[PDB]
Each structure stands twice: as structure tokens, then as C-alpha cells.
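Q: need a structure here:
(2 chains, ligands or ions: 1)
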Amino acid sequence: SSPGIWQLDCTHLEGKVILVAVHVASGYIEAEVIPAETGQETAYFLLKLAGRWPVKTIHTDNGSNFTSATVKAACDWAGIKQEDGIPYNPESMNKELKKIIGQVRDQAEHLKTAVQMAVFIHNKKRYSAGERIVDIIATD
Amino acid sequence: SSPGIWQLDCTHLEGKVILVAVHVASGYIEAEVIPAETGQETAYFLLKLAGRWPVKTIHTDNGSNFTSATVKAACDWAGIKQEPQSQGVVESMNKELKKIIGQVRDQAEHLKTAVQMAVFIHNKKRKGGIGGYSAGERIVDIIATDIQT
Ligand SMILES: Cc1nc2ccccc2c(-c2ccc(Cl)cc2)c1[C@H](OC(C)(C)C)C(=O)O
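A: Residues are numbered from 1 along each chain as shown, chains lettered A, B, ... in the order given. Okay, here it is:
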């Protein structure tokens, strides 16, 4: 799997929306609770992702938040190729994420915090996805 | 010099608060406009950072937001040690970030957007000529080496 390809999807919990980004080649994940599943929030999420990791292509679930012209603008600016409707086949990752969230939920006063704790655990769990993504992306 | 050392601080622009984190060894930056400089926002910022990179130690100013019970709980949970030499780098980035923001501010309505655009531009920018690297390449390279050593 190309090192610049990310799978973009969503998942819901406690009446809240979580945007999920998975680095297909490593299984590394980035996720965050967002106010609403809108194009503006999705574009912002993508701009942050692209500025922290090499994002060359995103495969989305083709939800209306992704078909949004606002997201298209963000992708064009960041040089991201958007491919909608491409199923994840390296979400079952959403299940894993939800499972970990449950293991740390009572340690956080807010879901948003628990989600980040779950991402941390997932990425550092043993080679870990975190170690894998850096080894794959490293240029020198 | 260690790959797990980060310097954090804040900067103000347009009456808003920006939390900035710099990976000392690489110059790689993470920043974001936050509602207010509170302990809650700082802890959240830190947890997101720690889940992405191997944050071992953070050098911050002495503001109340960095020493709140929730920030300590977050650092405790993530295994992060809290500690002008330990702020000179991030302070330099505050200016560098502000400089880039001013160059693309017209390309976005909200400051929060321009901030992320600036972060992108800074981290992807190749330093030097042919043979040079970007800050984003440096942090990845540094960590990859540490993991395989
Ligand atoms: C409000 C907004 N509206 C838009 C409507 C149509 C197309 C693009 C945008 C962008 C836009 C502009 C530049 C890029 Cl690179 C990406 C999106 C923003 C953007 O806010 C976000 C980022 C919070 C949605 C901003 O602050 O300007």
C-alpha cells in the first residue's frame, strides 16, 4: 500500500461524531470528536492531518461531508487526491477504536478526551502502528 | 537533543489564543487556535500530540494552564515529564508561524484555518538547496532512527 494513502471515515458514539483517518499501509490512526459531520469540520480535520503527515491520497466513504465543495477546496490547496467510494481493504478499525474507547471511558470526564486516549493506546500497541508509519514514511 | 523533547507555549493574534508545540531536534511544529488558554484545552492539545509522536518531556512557560490538575493527570497518563533556553526555540517559532500566517491570511476567512495552513507550509518547506530536508522529514527520520537503535 502506498505510504501516502489514508482511509477517511466516521463513527458515532454517545450521540457524537468522530472523524477517523487510517494510514492504510501501517494501520496508524488519527481520530477526533467533531462538533457536527459538516464539510467545514471535515476540511479543517484534513488540513491538520496534511500538515502533520504526508497525505497524498484519501479514500473516503463518500458521505456528504466529503462531497462538500469545502473539502474539495482543502484537498486542492493541500495537493490531496480525493477518491470517494473506495472501500477499506488493506470500518473494522472503527470497531477496534470503539473497543479501546470503552476500556478508558471511565477515566475521562468527556468523550473527546477518551477518544484521544484510545488513539494513543491503539497507535502504541505492539511493531506498533506508530513505529510502522514512521518506518514507512522515513525518507533518509 | 533527545527525540522526545518538545517546547510548548502560546502566542496571541487577532485577539485569539494559539497553542504552539515544537519538536526541538527537528523544528517540526504543531499548533492550533484554542477557545481560550485553559488547562482543559492544554491537556486536550497534549493528549492529541502524545498519541501521534513519542512525547517524553515538555518544556513550557509557567502559566497556570500548564500546571492544572487535568494537565498533570494527562501527562501522568501519557508518561510525559514536565519541566530562556527551554523556550527560545518555541518563541522563535511563534514569530515564524506569525510570519507565515500573515502571508496566507487572505486565503482563509478564519484564523484557525490560516494557522493550519501555516503549519503545513512550515513543516513541508525544504531547508537549504538540493540535498536539504523539511522539518516534517527530519522528525520522522530522527524517530525512525531511534526506534531502530
Ligand atoms: C469557511 C470556509 N468556507 C469555504 C467555502 C467554500 C470553499 C472553501 C471554504 C473554506 C476553505 C478555505 C481554504 C482551505 Cl485550504 C480550505 C477550506 C473555509 C475556511 O474554513 C474552514 C477550513 C474551517 C472550513 C476558511 O476559514 O476560509
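
Q: State the helix or strand in which the closest residue to residue A:124 other than its chain neighbours lies.
A: Spatially, and ignoring its direct neighbours in sequence, residue A:124 is nearest to residue A:130 (5.6 Å; CB to CB, 6 or more residues apart in numbering or on different chains). C-beta here means a position set from N, CA and C on the backbone, and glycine is covered the same way. Secondary structure assignment for residue A:130, by DSSP states H and E: helix A:129-137.

Q: Return the set of buried residues in that helix.
A: For helix A:129-137, a neighbour-count test (16 or more other CB atoms under 10 Å in any protein chain shown) marks A:129-134, A:136-137 as buried.

Q: what does that helix contact?
A: With contacts defined as CB atoms under 8 Å, 6 or more residues apart in numbering or on different chains, helix A:129-137 is touched by A:3, A:23, A:25-29, A:53-54, A:122-124, A:127, B:52, B:54, B:140, B:143-144, B:147-148.

Q: could you redo the last one with a cut-off of 10 Å?
A: For helix A:129-137, contacts defined as CB atoms under 10 Å, 6 or more residues apart in numbering or on different chains pick out A:1-4, A:22-23, A:25-29, A:53-54, A:120, A:122-124, A:127-128, B:51-54, B:136-137, B:139-148.

Q: if we look at the ligand, which of those are close to it?
A: With CB under 6 Å from any ligand atom as the criterion, these include none near the ligand.

Q: The one helix or strand residue A:83 maps to close to chain B?
A: Under the criterion DSSP H and E, the helix or strand holding residue A:83 is strand A:81-84. No - using CB under 10 Å from any CB of the partner chain, strand A:81-84 never reaches chain B; the gap is at least 16.2 Å.

Q: buried residues in the next helix-or-strand element following that strand?
A: Remark: after strand A:81-84, the chain's next helix or strand is helix A:92-104, criterion DSSP H and E. By 16+ other CB under 10 Å, the buried positions in helix A:92-104 come out as A:93-94, A:97, A:100-101, A:104.

Q: quick check, distance from stretch A:101-121 to the centre of its chain.
A: 16 Å (CA atoms, centre = their mean, to the nearest Å).

Q: Straight-line length of that stretch, end to end?
A: This stretch, stretch A:101-121, spans 9 Å end to end (CA to CA, to the nearest Å).

Q: same question, stretch A:88-97
A: Stretch A:88-97 end-to-end distance (CA to CA) = 15 Å.

Q: near chain B, anything from that stretch?
A: No - counting by CB under 10 Å from any CB, chain B has no neighbours in stretch A:88-97; the shortest distance is 11.8 Å.

Q: List of residues touching that stretch?
A: A:1, A:5, A:7-13, A:18, A:20-27, A:29, A:31, A:59, A:61, A:115, A:118-119, A:121-122, A:125.

Q: same thing but at 7 Å, please
A: A:1, A:7, A:9, A:11, A:20, A:22, A:24, A:29, A:31, A:118, A:122 (CB atoms under 7 Å, 6 or more residues apart in numbering or on different chains).

Q: what's the helix or strand for residue A:115?
A: Here residue A:115, judged by DSSP H and E, is contained in helix A:111-124.

Q: Repeat that for residue A:12.
A: Going by DSSP H and E, residue A:12 is in strand A:5-13.

Q: sec struct for residue A:26, please.
A: Classification of residue A:26 by DSSP: H, G, I helix; E, B strand; the rest coil places it in coil.

Q: Ok, residue A:62 next?
A: coil.

Q: picking that back up, any buried residues in the helix holding residue A:115, and which?
A: For helix A:111-124, the neighbour count (16+ other CB under 10 Å) marks A:111-120, A:122-124 as buried.

Q: now the residue most central in space within chain A: how far from chain B?
A: Among the residues of chain A, the one closest to the centroid is residue A:21, at 1.4 Å (CA atoms, centre = their mean). For residue A:21, the distance to chain B equals 11 Å [CB to the nearest CB, to the nearest Å].

Q: For that residue, which non-adjacent residue is closest in space?
A: Per CB to CB, 6+ apart, closest to residue A:21 is residue A:30, 4.4 Å.

Q: Residues of chain A that sit close to chain B?
A: A:44, A:47-48, A:50-52, A:78, A:112-113, A:116-117, A:119-120, A:123, A:131, A:134-135, A:137-140 (CB under 7 Å from any CB of the partner chain).

Q: now with 8 Å?
A: Residues of chain A lying close to chain B (CB under 8 Å from any CB of the partner chain) are A:30, A:32, A:44, A:47-48, A:50-54, A:77-78, A:107, A:112-113, A:116-117, A:119-120, A:123-124, A:130-131, A:134-135, A:137-140.
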